[PDB]
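Have a look below at one chain only, the form deposited in one PDB entry, in structure tokens format.
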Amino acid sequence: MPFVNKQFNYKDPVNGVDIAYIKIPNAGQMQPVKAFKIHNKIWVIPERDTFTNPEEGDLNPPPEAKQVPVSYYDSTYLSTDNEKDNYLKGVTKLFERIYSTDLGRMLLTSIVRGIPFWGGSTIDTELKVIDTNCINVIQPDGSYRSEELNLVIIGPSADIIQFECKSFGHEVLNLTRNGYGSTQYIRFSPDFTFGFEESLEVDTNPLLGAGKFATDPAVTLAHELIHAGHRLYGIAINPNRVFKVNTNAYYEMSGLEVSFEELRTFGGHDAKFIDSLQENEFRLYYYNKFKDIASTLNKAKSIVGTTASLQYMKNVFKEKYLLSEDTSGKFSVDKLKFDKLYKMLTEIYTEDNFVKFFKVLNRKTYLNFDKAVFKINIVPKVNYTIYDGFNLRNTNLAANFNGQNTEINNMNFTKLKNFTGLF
């Protein structure tokens, strides 16, 4: 029943299957890192991410006069075995919390089914996997074996609080925007969280509040998983598409813009900043990309490798994209089924909806200002549970989000930095 069937310990001996040393296709060299496969198609690497981007391998903080407003550095974080063990347990716990809700189960199911499309071959008659959608696993005999995967959760790079969902690009194909999809790497940490203010006028003001309430890390991870969903089905909105924030005088005076991809991901009223015309443009655009995939599958007659048959993969993608098949064995995209899937991934899976499911207090909009970053420890059950997060039932933290109240539940939060006023 649990999303993660085994309670991994960082020091568990490697087995070359679900506990192994691996290398990622960063187009560069790297020493293998210990990784854990927590569920079909999903791996966790308890390391700071100095791998996905070669230009971001230094964790040391730049000079104090060169650091930005909202940022937090600690070159030593996640460097010890005890930390990696806690990281692993914290991340698995958040996956369980997410999976325990119907929405999370739906999202995670969609993610597992969202296998990156096999469009790496130059011959339109043959289907071939794109190697950057795989990782290289060291087997018991010391040799490497290629394994396809959909998601990797890895520690943050230099700036500990800069969580994000990234993936390896293609020389010509825009994998996260052409319906293909690609393996997603989420920079994330369950050992820190952010503060926000309960009053909207305060939360959206850069000069007020210290961050009285703490964001539930499960929402934060879910937010990243939502991006992953968009990217795995190749329907992420181009980051150049932004909303000129004109509903907040403080954003305006700085010309701050926010991508539609972020507004969509948050959901709620934020999503309404993307007008009907533009929303239609995107929907039709991705509908066509799905059509191209359906045709590519029709033009397929061969397949590379023996890890599966042409017929097996054609079906695996028929399932992912929910395609239809006529008597002649041809695939096509059904408008109803497409709109349903597209809407599921973009409107049903949103931060705002996860808040409703977790029954937690959370920022009301993405268009606010950061307040502070806290150090936390969600692994101990006396601190945080799969079922209630910080608001432990049958305790003084059960009601009114008392568990997220950093003033009431002060023993669970250590403020590391305040961001208010620095903007």
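Don't overthink the numbering: it's just position in the shown sequence, from 1.
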property: Flanks modelled, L361 absent in at least a third of other entries; result: no
property: Across other compared entries, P217 missing in at least a third; result: no
property: Of 99-107 and 256-264, the stretch whose C-alpha atoms average the higher B-factor in the entry; result: 256-264
property: Stretch exceeding the other in mean C-alpha B-factor - 161-169, 241-249; result: 241-249
property: C-alpha B-factor winner, where the candidates are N53, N377, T385, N40; result: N53
property: Residue with highest C-alpha B-factor in the PDB entry, from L232, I138, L207, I293; result: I293
property: Position of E325 among the chain's modelled residues by C-alpha B-factor, lowest, middle or highest third; result: highest
property: Modelled-residue ranking by C-alpha temperature factor, third containing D81; result: lowest
property: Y312 - which third its CA temperature factor falls in, relative to the rest of the chain; result: highest
property: Modelled-residue ranking by C-alpha temperature factor, third containing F273; result: highest
property: Third of chain Cα B-factors occupied by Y180; result: middle
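Omitted from view is the form solved in complex with a partner chain, to which the following refers.
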{"property": "Answer option from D124, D292, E257, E83, heavy atom within 4.5 Å of the partner chain in the deposited bound form", "result": "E257"}
{"property": "Partner proximity in the deposited bound form: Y366 to the partner chain, non-hydrogen atom cutoff 4.5 Å", "result": "yes"}
{"property": "Touches the partner chain in the deposited bound form: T215 (any heavy atom, 4.5 Å)", "result": "yes"}
{"property": "Contact flag, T220 vs the partner chain in the deposited bound form, heavy atom cut 4.5 Å", "result": "yes"}
{"property": "Non-hydrogen atom contact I45 with the partner chain in the deposited bound form at 4.5 angstroms", "result": "no"}
